[PDB]
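Look below for two forms of one protein chain, each set out as structure tokens: first structure 1, then structure 2.
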Structure 1
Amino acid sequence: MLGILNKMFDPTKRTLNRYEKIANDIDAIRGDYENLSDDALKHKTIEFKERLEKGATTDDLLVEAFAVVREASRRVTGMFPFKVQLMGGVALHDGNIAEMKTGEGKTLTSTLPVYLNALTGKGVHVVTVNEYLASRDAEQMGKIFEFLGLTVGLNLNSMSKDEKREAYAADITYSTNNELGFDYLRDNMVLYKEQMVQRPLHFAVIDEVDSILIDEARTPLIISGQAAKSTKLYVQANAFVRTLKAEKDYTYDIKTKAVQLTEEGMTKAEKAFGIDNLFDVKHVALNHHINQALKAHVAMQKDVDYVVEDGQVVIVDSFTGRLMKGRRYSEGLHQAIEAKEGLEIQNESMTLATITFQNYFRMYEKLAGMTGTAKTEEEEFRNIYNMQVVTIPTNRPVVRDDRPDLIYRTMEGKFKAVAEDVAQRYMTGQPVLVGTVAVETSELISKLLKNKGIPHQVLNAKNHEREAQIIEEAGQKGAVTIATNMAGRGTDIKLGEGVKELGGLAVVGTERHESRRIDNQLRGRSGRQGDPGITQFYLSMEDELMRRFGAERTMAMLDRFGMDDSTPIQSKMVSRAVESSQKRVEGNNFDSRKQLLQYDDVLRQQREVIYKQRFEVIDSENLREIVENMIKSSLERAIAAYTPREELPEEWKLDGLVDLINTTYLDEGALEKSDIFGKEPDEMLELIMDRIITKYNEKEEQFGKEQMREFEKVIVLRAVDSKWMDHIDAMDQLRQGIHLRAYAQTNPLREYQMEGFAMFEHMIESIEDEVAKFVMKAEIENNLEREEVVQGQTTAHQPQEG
């Protein structure tokens, strides 16, 4: 800029200069590889690899690495990277966004940093929007990476896990943002370590970040899976349950335990023909629904704990007394209550797993992306991913003529007008490209064109290859191309034979999109490196953008002033007005992302623990130790509840506790009055943990030393998986129900955090307990195989911006 205002430019200027100098240091040694041998150059990779093991940094080997790559390309493709492209690669290396105007060769640039970071062999994900480009780039760019002798994988959904694994095994991988995501997702629902496809997230280079990180980032990734019409279980459970009402079927006033174990419950339960007493098949599976249905009656009371309704069952916020917006009870106790109250029980798809692009890409050791349009939301990138946008210079100065948006009083005037411009160019040789924003628009003008006898091609985003074929030639003399939402993104238009002197491309925007960014990408398609072009925008007072800006008063002045008379008008001020209109739209969306993120941050934290513990359970050599850590943490909880806030030491209630452990961790008489008397809550834990240890021991020598190691893993996964999957579905429900009935004054997100954490807290407890219960009591019958908890088929999708 000029004058004062030029200091906002300072943080960019300073960096840009490092990068300029460096690009030069690179061009200096153009000689060092210029004349060399194909195989000598390949040995460079190795030299670097060695040099790295020794202790150097990617930053140290950067210049040379880039020089090598630079040579490698000319050799392979015949293209020798520009000084600007070198600057871009570096930017990328420094973990930033390389704003390199559409057509500066962002693809080739990726190679440099990609190559250099790939050397540690840690892996690099180069990502794009669609499977066409992904496969396209991999193929063309791979030949340089492979020449320098580096493995190159391509991940698509149509690939077996084994195929996927091989793709990820590569020194470098190409894939869609969606594939990456979903993979990470499925990757964490795996039963055995070897089934995961992904390798640790190292570095990701996102081609066209704005699209990925911004647009495709309005909603999250989900994996659903239904329940097998199970209803019949709860019905039967509820029925059965209210039978054995006696204290030969125990309960807790303190812990709220529905202790079935008694022979009344047991024997009369096995009577239900549960293939007798097979605790490991049954108890994990069937005895779960029972223990719920039991509590549902005993512990849960109609209008003190919950509430019955026409909208079904609600929870009552204790101590405030409220209709709990959207919250269900854990592990399907909600269903057991409905059965007990006869209400229709619901069985929808459960959300098995979820993460947001934002929280995903955040997961890498390093991220970087490239695109032409980004400074627009530099505030966002810098904020969320800590990537600063760097506007890389152009190779050749721009000479394209960007024309001021033309305004109209009607859609029909506007549209009808566009058809003429096309005509004029058409009848001169000028190749035209018209950008619509929706299907209808693109076909409306199609009619207007065929009517006027102008031959044309229409792109409406399907098998991008087909369109790409079409679009590449869209820059020839009789080129008349219609693009619905930049349908041929990434593929560049080269100025046709003789078209050079015909003017240039001359693209034409039928309207403006909700983002400058996107209508600016439209602009982008002309002037491909010094090439000439014209860009014309068309708008009308009856446009959605307009009639959403509350622009009626303005509509009236024109009308009242007979302005629809002079019709094609250019008011810098009205264009500025739409500029703000856009900024607002964008602002709203940024707000939407900002929110989506926040609700998930609550999740990511929860995932950190789970995911990690889960993984822990799969590198399961020495598992027992955790299993005991968990039994002990379950046990401690019992003790501390029978010994509340110092409520009279040996005057606690040292005889329910006694009878409990004795009945839920051990099997009747073993723990009694005497055993634990005159001991602090701490003293007691160890005493009995010890007798649990004694018992745990016993089982290793009675049911298989190392089979148990798997018993443990099975139980723990069964536990974790079952609990977790639930809580998540639960958490997805809450996240969109809390937005209902909330005069609480607080921000919902707040409630969410608080309530979310709470349940989580619970689930941990639940898990630890289930684990302890089974490992101590559960009985081995046949094959102790780690078993799947997902019922039936799954579905991996991204919802619609709703």
Structure 2
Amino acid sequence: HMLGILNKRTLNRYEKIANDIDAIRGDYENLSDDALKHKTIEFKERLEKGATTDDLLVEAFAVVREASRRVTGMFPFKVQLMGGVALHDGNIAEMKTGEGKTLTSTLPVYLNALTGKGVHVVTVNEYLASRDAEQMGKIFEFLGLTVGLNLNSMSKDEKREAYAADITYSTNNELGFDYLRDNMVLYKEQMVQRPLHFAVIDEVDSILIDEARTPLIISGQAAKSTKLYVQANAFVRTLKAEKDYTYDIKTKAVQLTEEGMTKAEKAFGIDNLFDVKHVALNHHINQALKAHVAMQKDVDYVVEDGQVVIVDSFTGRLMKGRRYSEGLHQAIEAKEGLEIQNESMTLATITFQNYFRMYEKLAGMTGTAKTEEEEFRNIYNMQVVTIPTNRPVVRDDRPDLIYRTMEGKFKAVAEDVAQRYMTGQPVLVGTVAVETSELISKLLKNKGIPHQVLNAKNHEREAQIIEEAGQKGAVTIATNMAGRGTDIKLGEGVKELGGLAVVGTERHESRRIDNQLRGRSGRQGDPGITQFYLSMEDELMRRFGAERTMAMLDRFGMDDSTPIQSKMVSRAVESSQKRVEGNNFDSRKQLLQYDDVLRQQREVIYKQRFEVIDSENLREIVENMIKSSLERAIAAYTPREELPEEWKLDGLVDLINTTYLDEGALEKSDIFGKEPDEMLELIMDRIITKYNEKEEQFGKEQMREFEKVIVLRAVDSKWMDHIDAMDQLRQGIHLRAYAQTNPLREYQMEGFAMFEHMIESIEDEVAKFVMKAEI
């Protein structure tokens, strides 16, 4: 009281803000709905007059907190206010399951939506997106904000409207696909998304760590060309057994030699087969070579009904739908003189990781993220903030039990479930593969135990099951990807029984997943128990330290009769797991360096394309592209040194009359013995008037749209070729790098050169199509 006041801090940033907000709870506690809602108007006026979101945080959060009580009956706990602050700061709020992370997100989302820039609230699937938008939307709407829901089944117009709302719920995949489609648009008005401001990502460790490289692709409705498969096949029939190409015994590796390589360059009229402009041609030759030397008809595959069908080596049985990949199947089709069925072309591509890094601000929520903090910081510039549970956790997380065999492990699992079920205490069995769930389910069926199986196929249906998994007598088997996002509340008389009992059937590649399974139980201080069952036969048990220990326990004489539960063993297993995570992280970091190459090129290309779309006058840009294009053409026929047997032979004449100027427009005009510097300006002048002509003479503003379309088609077309070539370059980078050397550098350098190739290709196309084409 007075002693307290006189004394009145060692509290952290989040506890402080939390108390502040709690301190002014009375200033809204009795305000009127209309008046509480008007607060939104007040906040926007203040932001208009210089206020920041950080300035309004305390009050904004207090407002939402109150609004939540009225709309849902829930008054955000203080730990939730702390979570909201962490998310608002652009970091990850690690909140355990059952802490109400969803209501928590309404705090920073409301705050960051006031400036009318939009806020994306991302969920793993559309069921959760629609549920949350429906339930949480009532709060935002109570406060005068609009809530949108972006679904795959929605048309462009409906999507655009959902994106125009103050807040937009969606899934990681749809947001990415919309982004790719917005960047293939012919008119800026066709886009559906607004600039990417702020995204609040649920299950952020899953999305940005585990599924970070998830590919989002937009394929071409049209088909690729087969001509190159034909030519490549024709060429390969010319080569000899040893001095034209090699062939390893052990592996099916088939490589070309200098003779073959010289022969190829000779045959295809090129100087360097390894030149980035020829990556496709080189890839096709390697595949046709492989098709003739490493693939045998009637042993590897068969030809039936005009098609190549893969033969299962050891059964002799056919695998009708399967196809070899990376063009090898088409190469074989060409070899066998069959109809070549080429793949569809990728028009646009991106990963979860690189899509989200396009946002101005990012926040995330998960009960498991602290361990990956360094990765979140370096990659997404997000820190991880551990948020205290509202109530102490009294869940009893038992140490792993280790059996000698899978059989014993599973039997012990079924036995455990049976005992729990006999008492009525609810049980949830976690598994990693659907095949494992069915293994356990059959064990439970033989014991006459009623139970539910979640395989993560129908989310709405599974959410309904999960919601009842805490009821007396309940027995649920779920694959780690099932039932996510739905709390399991204890039914009447359940806590008295011990709360939810969770049984793990095996350790996951990441401890984060083990703990998410553990977290389904013991919410809000509820009692509970978790137990992982393992065996010496498990994948992890055959790793690092786990290996030597199991070997020792084996010789010691361990049986399934009595499992091992030792702190020494448990820590050795923990050590292996940490090492497994260590290696997975090294791999990720390696893949990040390779992914970064195409990533930067895409951000650049898209940035440029947008400008083309967002431009009224493009002639300057087009003229420059012609300039550059012509300069390369002139330089091509003006050997800066060549004296031997000619000294600048001339063919550029017809090459210009066929590419820029009309047929027979120049030749005797200032072209002869002149200087490259001169020949350039002279020919350009002709081009200008030639452009002025076609411009004003034919069509008025049609010229500006004539360009607009020619440039967009060139960008999109060349970007398409670039993606395919960069993919081939990456797959075969080891063939371009010398042994005892890191291919990453070679990939970076060749990737840079290919990008140059793409720009020059874009300039040439736009050059010809504008100087030689009518609408």
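Whichever C-alpha set is largest while still superposing within 1.5 Å between the two forms counts as the rigid core. Sequence positions of structure 1, starting at 1, serve as the residue numbers.
- Of the residues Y132, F82, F590, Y184, exactly one exceeds or equals a 2 Å C-alpha shift between structures 1 and 2 once the rigid core is aligned, and that residue is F590.
- Annotation for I290: C-alpha shift of 2 angstroms or more between structures 1 and 2, rigid core superposed.
- After superposition on the rigid core, displacement of the C-alpha of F147 between structures 1 and 2 stays below 2 Å.
- Comparing the forms between structures 1 and 2, the C-alpha position of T111 differs by less than 2 angstroms, with the core used for superposition.
- When the rigid core is fitted, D303 shows a C-alpha shift of 33.7 Å between structures 1 and 2.
- Core-based alignment between structures 1 and 2 gives a C-alpha movement of 0.9 Å at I471.
- At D690, the distance the Cα travels between structures 1 and 2 is 5.8 Å after the core is superposed.
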